[PDB]
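The data below hold one chain only, encoded as structure tokens and taken in the form deposited in one PDB entry.
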């Protein structure tokens, strides 16, 4: 064994080993309990960022640990490889998106290997390869034939393919109650984004208008307070009136471009269905065209938005709901928003909210001018992009003008990778020959738009279970073996997009017979952002210039706080504190630099120690150095121990009191570390516990046979406890220690519960809650015996609650 720990001589050899032995490749073994550990797959931008390293280290820790518990562990990796940045990069450079992407994949793949993440590399996927996207093309055609896909023009004013995610809204909402092991914050974000709403459509007659006008309200109980209607700028009733009306004309145009209320009177009168009175119809900026019918009824008395509109434009404010105490409401300043009993409403006077809502809804429904309507804030999923670098949409327009999917025997529709980008138009649109095809004996033009990249990331988790299956999108027996994902790790920024889509997609696959389960992932862990110090100076021109923390010459006060800072050019810098890493703040830290500086193990250890997985981590070079010194101390202790050669078998009966208590701490540490990693997922305190035992072990004597056999037990346990964090050093150390086999197949240490019996316990004696004594009594002892002993204590003598083997308190009388 070398005296000095040198990661450059260890890590790349251990990584080769893992490749040659295929250590982390797994099959569908029914003789083992499966564990599927998944980290959000990276986009191949070119280099790993510190957020990748954190995400993937957390994942690797769990995967390695669960393997040592005896599970069959799937930890897959791959590339979300389509998307916008490759188009830009291709143009800036001399190239095309495909080769730029594959070059990045190779470079980033090597980085991941150099960090030593135990992936099953046999299951590696690149989502821009036909072998992957072909299946989402087939799936889309099936969705279309099942009526879940449609085309329409929308404004984000382009025609688009939509998938009917709203057909699954109720279930996506309801099934959140099954997600006990997802964080409340993500669940609440999904609830709010779905935005399920119960209400009533109310249809009106408009006097000089050809059509009826329909509005959506969540508050039909306020309908006798309706003094006008309001329509979106893009509503067709507004477009018609705008022909004669230049005031309205310019208002509509203004609303397309560039929380104040703004409106113009349309001139149209609508007939209130209950009263029969004419009310006016205004165009208003606060009514979204895309939600509900794009038209509301206005009740200024009780909708704050309608209050400010009516107050601005002089329209009537009419009170129809009473205040909580039953008194008529104060409308002189704002709307009365709370639900309450009706007045000023004829039939419906005296009805409380629920009764008013139903009575009015029922009356309108019976008159044929209302119906209950459930809307969602959730929009249908627009999946088409006017971009080249994405999977082609498998749809076609025959010369008929008729539209159908690309036939099965023409799938996949392959994106040609050999292209020159003019930077302006997609190559597959620019070449007019590419679109031309023949379908069903007929000439046709195939879709030129491509899928948004969310399409690929919505199902990769499942394809990892059968990456090479050629028969279908999924092999159901393999998918159901592995799914649902046990833990999914990745940032909270994905909560309302990817984290929703993949649930939807899971449910689509379920409903196609493809998978067995309702939800894709049991636990979601959102790891916190990595932060770094940020500095800037102000130039002579008044512009801020951000300076990398590496380049800051800082001056600290007596207590180590930064009190002044300069760069080498002499610029006075202002320290802005720990912040999110960015190219704009110029404070990003390159993990490759840190891996080459300290070794992958040091970087992994620091990232798992500095902070709880779900909280922000502050990058501190002094912290990384601390981690580096710790591993050197661990290396050092194994080097001195093994230098003394083989050890006798440990004899637990003949151990000394000192030896027994040291052993007890080894085993108590095994228990705590097991619980922190396995149940609490508090990795930072797990490492802390290992550090604390190491400090004790560095002081233990190692000359007697029994001392050396104990140390052997301890070090073999420590090397295993650390292995999920720092597997390169632990792989090597295990061998040095003559452990059986490769550490990766070694069993996780189990605490020997005979070694943990305490004999005595400490008890804190308090008088009026404040500690006066600390005393040692057996776990064996009865309540009297503990107070008897307490009473014999002389500082207790100068001055009744009991917790066994813990505390005794005396309220003074």
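Rigid core here is just the name for the largest C-alpha set that superposes within 1.5 Å across the two forms. Numbering follows the first chain given and starts at 1.
Below, we turn to the form deposited in another entry, even though it does not appear here.
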(request) Quick one: lay the two forms over each other on the core and tell me which of 596, 124, 707, 417 moves its CA by at least 2 angstroms between the shown form and the other one. (result) 707
(request) Determine, after fitting the two forms on their core, whether residue 6 shows a C-alpha shift of 2 Å or more between the shown form and the other one. (result) no
(message) How about residue 568 - superposed on the rigid core, does its CA move between the shown form and the other one by 2 Å or more?
(response) yes
(message) For a quick test of reading the superposition: does residue 49 move by 2 Å or more at the CA between the shown form and the other one, rigid core aligned?
(response) no
